[PDB]
């Protein structure tokens, strides 16, 4: 059985000064509608949304950060503008905190449904996104790091050191996820992202291939950065073939979380890449060979409404067991993949 969580209340988070800001309420309703149209919704077990608790947010975030975002629930517009402007790329409304709680709690219920055996896998149609949120700050349209929190929540109901793989295929580097787990060998973070030597958001060398983790976490952070090319299905398939899947098999995770942004999709106004819905289906199908199929797909970014609706629907089709649907790499993608292989061969025998 495949689980699905979606709650229209997450649409209430909005940009009161710029109604055309790309992190649109209708991102999630358009994805949900397309699941209905393609007759995928009726094939899924509907998992209820819920609010994360503040205790659960403290799995990854400081009490100061939690209390600041919480206080925005009661702010007047001038103070919402001032607070949001203190962060890198954040807008806040009075509903933002609640929606961020619903996004996280929905993913907790999905992870719980998988780990109690109610469903084999699941998809979470949630906003605002999470992967740029840091322990102490909001960032990049994200308030709390939903995927990072879900990994810790999964560990909290099974084994403190349960091996969790987070694959972040949003076109942006998940700086927050990397940092939260950078010293941790129980959570393997693998990010593919446009990088452009730091010109692409989040504009930090933290996203480069030589950032491999720290302390006992050394080797458990895998950055696959793209430079100088409009990447697409061939490049993402090659990165999965040479890097993501061999490393993941060696790690042997018990749960796979996908930070599934769809802004590397053909048509995305921010990403500039051309991964197709069929491409995302093949990526999902490969991940389903891990963790006895225990895969939770969490919406992150993705800003072309048609693109994200078709792409995420294709992912759910794969989770449901449908057959996957039916080219040389850009030369700089070969360079990137080889750079990551050189960086990580000391840690993963499958790369030697």
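Residue numbers count along the first chain shown, from 1.
- According to the record, the deposited sequence contains 4 to 9 residues between residue 326 and residue 327 that were left without coordinates.
- The stretch with the higher mean CA B factor, choosing between 225-233 and 255-263, is 225-233.
- Just going by the entry, 284-292 versus 317-325 on mean CA temperature factor gives the higher value to 317-325.
- Per the PDB entry, 214 shows the highest C-alpha temperature factor of the residues 154, 114, 214, 199.
- Looking only at 279, 130, 105, 272, the residue with the top Cα B factor in the deposited structure is 272.
- Ranked against the other modelled residues of its chain, the C-alpha B-factor of residue 172 as given in the entry falls in the lowest third.
- Per the PDB record, residue ranking by Cα B-factor puts residue 340 in the lowest third of the chain.
- In this PDB entry, residue 50 carries a Cα temperature factor that places it within the middle third of its chain's modelled residues.
- In the deposited entry, the Cα temperature factor of residue 182 sits in the bottom third of values across the chain's modelled residues.
- The PDB entry assigns residue 142 a C-alpha temperature factor belonging to the lowest third of its chain's modelled residues.
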